[PDB]
Ligand SMILES: *[C@@H]1O[C@H](CO)[C@@H](O[C@@H]2O[C@H](CO)[C@@H](O[C@@H]3O[C@H](CO)[C@@H](O)[C@H](O[C@H]4O[C@H](CO)[C@@H](O)[C@H](O)[C@@H]4O)[C@@H]3O)[C@H](O)[C@H]2NC(C)=O)[C@H](O)[C@H]1NC(C)=O
Ligand SMILES: *[C@@H]1O[C@H](CO)[C@@H](O)[C@H](O)[C@H]1NC(C)=O
Ligand SMILES: *[C@@H]1O[C@H](CO)[C@@H](O)[C@H](O)[C@H]1NC(C)=O
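Right, here's the structure in full:
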């Protein structure tokens, strides 16, 4: 939250955009991994 | 709120650290009951899925009947399986118990 | 290529003939495949179209 | 090798449903697989036997091959598609007798009419 | 900020920035490595359910040890827990064949 | 540098692209292959002010 | 949760068979990446211009 720091941070480019996008993609990857995995465990027919 | 009204559980509490350090742990895609539903339906499909040709039909047969076909399929003859059905069930039960 | 034993010989057979062997191999009987050859080709074509 | 050059018997390896045939085309950074599978629908429930034995000759038993023996007396259907047809030597195999096999005494199929 | 003026204050803040940027880059690099690994692993889990659980496997060592008979699946904290029941021979004898 | 310390052989690392290759691997013998080396720079032909 | 078709077991020497009466073909599409774009960098130029 310090403005002086934020001012200096800006000189490193869109650093935080890169951090957020990299993690966003990495997190989507698990939702996709899970969705695919369960779609395959799922039975068509099953007994109670 | 738990981390404010109770505070950290112990030294190096990485869950309460989230609101301090600036990071967040996100919830998983499926809740527990849904994941349980998937493996529960899977359990009930085993005897009738690994039975014959194709993946399209389901044989609602007893688990035990499935085991005997599985044992026959690996080289144990039917005369043996028939004489030993209780012995086989007991050994299976010991393995899981 | 996906026709018989070994990877060494090639059966130059019609695609359609291959499909019917593939369907027979998964549990659809020959009486069914014979009665429905046009129905099967149409469904296949819908799937790809 | 598994999908395209062969019909696969591995559930879920290729596509969903029962694998029939796959095709491959190139894609910008790799291959694009086109897996054609067989998707069943409108399932019905029928009553099936584990096998059939000659009631008069209890050691002479059959089991279905890649299909089922269903009530309709007994007839055969392929495993992926309900379509009853007569039980013949081409859709059966002889097996050792089992407690779960039915004892049939009337309309015995040709493999048991011995 | 409280102790130093801008020409030196800047240098000190900048050290903290470099260290924290480095930390975040390392973190992200590992989340990408760990998520790639977990994704490959998830496909292995997919294959085991289809090969192991929904089918009897004939592949030695793919499922469990010994000859595979039946497998079960339950959920685990970060994945699946496979329960592979195999047939284990003992007391071998030699005969002439 | 020889065992006795004298320089008997050398590469001028800016002479050509092949020389750049040898220098980047710090060796007079590099394996066969296709390698990227420093680009051929465009140089100013004048100035505008 | 999308429940599977429930097929009951029987208290008998028989069993219930849930068997298709109809079918369709469908296509599962899959992309597998085999390559990445190959890139080289003139590091000396990149850093110092
Ligand atoms: C179609 O006909 C068959 C053939 O008759 C019939 O299956 C037979 O059923 C009888 C019982 O009705 C089985 O006989 C016994 O059943 C008891 C049940 O607990 C077993 O405990 C006995 O085992 C002891 O005795 C055996 C004698 O050799 C020993 O070998 C064994 O180790 C035990 O000491 C015994 O099994 C009979 O075995 C089966 N036959 C077969 C081939 O399994 C069948 O049920 C009829 N079909 C239908 C749907 O009714
Ligand atoms: C019906 O199920 C019960 C469950 O215990 C079993 O004891 C009984 O023998 C079964 N009857 C038949 C015909 O299998
Ligand atoms: C199979 O499903 C299709 C879907 O529209 C339908 O048109 C066709 O008549 C169905 N066939 C049977 C035998 O029900």
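Protein chains in written order, with UniProt numbering: chain A, 813 to 860; chain B, 910 to 1006; chain C, 958 to 1006; chain D, 1104 to 1175, 1183 to 1224; chain E, 1055 to 1151; chain F, 327 to 375; chain G, 764 to 812.
The beta carbon of each residue, even a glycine, is placed where N, CA and C say it ideally should be.
{"query": "Less than 7 Å separating the Cβ of residue 852(A) from some heavy atom of ligand 2?", "result": "no"}
{"query": "Which residue wins for smallest C-alpha separation from residue 778(G), given the options 1128(D), 1174(D), 1114(D)?", "result": "1174(D)"}
{"query": "Kindly say whether residue 1115(D), judged by its beta-carbon, lies nearer than 8 Å to any beta-carbon of chain C.", "result": "no"}
{"query": "Return helix, strand or coil for residue 939(B), following the three-state DSSP convention.", "result": "coil"}
{"query": "Using a 10 Å radius around the Cβ and a threshold of 16 neighbouring Cβ atoms, would you call residue 368(F) buried or exposed?", "result": "exposed"}
{"query": "Could you round the C-beta distance between residue 1190(D) and residue 984(C) to whole angstroms and report it? I think they count as a contact, below 8 Å.", "result": "3 Å"}
{"query": "Could you spell out the range, first to last residue, of the alpha helix (DSSP H) harbouring residue 985(B)?", "result": "Careful: residue 985(B) lies outside any alpha helix (DSSP H) and carries neither H nor E."}
{"query": "For residue 843(A), count neighbouring C-beta atoms within 10 Å of its own C-beta (all shown protein chains included) and say buried if the count is 16 or more, exposed if not.", "result": "exposed"}
{"query": "Strictly below 9 Å CB to CB, what residues from chain G border residue 371(F)?", "result": "The contacting residues do not exist; residue 371(F) stays about 18 Å from chain G at best."}
{"query": "Is the distance from the Cβ of residue 845(A) to the Cβ of residue 1096(E) below 8 Å?", "result": "yes"}
{"query": "In this structure, does DSSP put residue 1002(C) in helix, strand or coil?", "result": "helix"}
{"query": "Using only alpha-carbon positions, find the residue among 1146(E), 1062(E), 1058(E), 1075(E) that is nearest to residue 823(A).", "result": "1075(E)"}
{"query": "At 3 residues or longer, what runs of the beta strand (DSSP E) sit wholly inside the segment 1057-1088 of chain E?", "result": "none"}
{"query": "Using 8 Å as the threshold, is the segment 995-1003 of chain C in touch with the segment 772-791 of chain G, meaning 3 or more CB pairs across them?", "result": "yes"}
{"query": "Could you have a look at residue 912(B) and say whether DSSP puts it in helix, strand or coil?", "result": "helix"}
{"query": "Give the straight-line distance between the Cα atoms of residue 916(B) and residue 835(A), rounded to the nearest whole angstrom.", "result": "28 Å"}
{"query": "List the residues of chain G that residue 1212(D) touches, going by C-beta distances under 9 Å, in chain order.", "result": "776, 777"}
{"query": "Shortest alpha-carbon distance to residue 1199(D) belongs to which of 1208(D), 1186(D), 1210(D), 1206(D)?", "result": "1186(D)"}
{"query": "Determine the DSSP secondary structure at residue 976(B), reduced to helix, strand or coil.", "result": "helix"}
{"query": "Determine the contact status of residue 1107(E) and residue 938(B), defining contact as a CB-CB distance below 8 Å.", "result": "no"}
{"query": "Do you know how far the Cα of residue 992(B) is from the Cα of residue 977(B)?", "result": "12 Å"}
{"query": "Cβ atoms of residue 1154(D) and residue 1205(D): under 8 Å apart, would you say?", "result": "yes"}
{"query": "Between 1137(D), 1146(D), 1167(D), 1183(D), which has its C-alpha nearest residue 1216(D)'s C-alpha?", "result": "1183(D)"}
{"query": "So residue 1011(B) packs on residue 957(B), CB below 8 Å; how close in whole Å?", "result": "Since the displayed chain B opens at 910 and closes at 1006, residue 1011(B) lies outside it and no answer follows."}
{"query": "Against chain C, does residue 781(G) count as a neighbour if the rule is that its beta carbon must be under 8 Å from one of theirs?", "result": "no"}
{"query": "Which residues, in order along the segment 932-945 of chain B, keep a beta-carbon less than 7 Å from a beta-carbon of chain G?", "result": "943"}
{"query": "For ligand 1, is there any heavy atom lying closer than 7 Å to the beta carbon of residue 991(B)?", "result": "yes"}
{"query": "Output, in sequence order along the chain, the residues in the segment 1089-1104 of chain E whose CB is closer than 9 Å to any CB in chain D.", "result": "1100, 1101, 1103, 1104"}
{"query": "If contact is defined by three or more beta carbon pairs under 8 Å, each pair taking one atom from either stretch, is the segment 813-832 of chain A in contact with the segment 1069-1084 of chain E?", "result": "yes"}
{"query": "Would you list the residues sitting across from residue 1157(D) in a DSSP beta bridge?", "result": "1214(D)"}
{"query": "What are the start and end residues of each continuous alpha helix (DSSP H) run of 4 or more residues lying completely inside the segment 1084-1149 of chain E, in chain order?", "result": "none"}
{"query": "For the segment 959-971 of chain B, enumerate the residues whose C-beta is nearer than 9 Å to any C-beta of chain C, in chain order.", "result": "961, 962, 963, 964, 965, 966"}
{"query": "Any beta-carbon of chain A closer than 8 Å to the one on residue 1068(E)?", "result": "yes"}
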